[PDB]
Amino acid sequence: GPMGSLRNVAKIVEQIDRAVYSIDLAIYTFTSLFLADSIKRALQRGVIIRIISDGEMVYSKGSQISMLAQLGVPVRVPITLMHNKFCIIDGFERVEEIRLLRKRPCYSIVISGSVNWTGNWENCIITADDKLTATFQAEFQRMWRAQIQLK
């Protein structure tokens, strides 16, 4: 229900607000203005953000991916199915990666939800279990390396 979704989105925005180093987001469609703005604020905070999404859904109405890509957020797209959408905040491997390329404490958080083909965030799970955050982060690294990267 809309209520459960709003509560879930609110919890996610809170995690985004706490992001220190990185946010990796794999999502089929991005329609949440609230989620986007939180990500926008993270970007302004110095957080490194990457987005993987679907080509059919980036030019859909209410798609917020357009404005994030305009701000410099790299968006990679397969052209042209996921078991779930997910967000990894400060993944261990990713933070260590950033640390090397650039020479503060944090803790990995993965948010996952059901894929919506048309913000909507039911079946939401938020966890810091490092085994899970690792598999998701590793999975993102793989998908990122594979693919259209939006100009």
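Don't overthink the numbering: it's just position in the shown sequence, from 1.
Chemist: What does the record say about the segment between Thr80 and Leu81: how many deposited residues are without coordinates (none, 1 to 3, 4 to 9, 10 or more)?
Modeler: Per the deposited record, the segment joining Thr80 and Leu81 lacks coordinates for 1 to 3 residues.
Chemist: Would 35 to 43 or 89 to 97 have the larger average of its C-alpha temperature factors, as given in the entry?
Modeler: The deposited B-factors put 35 to 43 ahead on the C-alpha mean.
Chemist: For the C-alpha atoms alone, is the average B factor greater in 123 to 131 or in 21 to 29, going by the entry?
Modeler: Per the deposited B-factors, the answer is 123 to 131.
Chemist: Which of these, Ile65, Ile111, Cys106, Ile48, has its C-alpha atom at the highest B-factor, as the entry lists it?
Modeler: Answer for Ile65, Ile111, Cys106, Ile48: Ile65, with the highest C-alpha B-factor.
Chemist: According to the PDB entry, is the CA B factor of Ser5 in the bottom, middle or top third of its chain, that is, lowest, middle or highest?
Modeler: Tercile = middle for this residue's CA B-factor.
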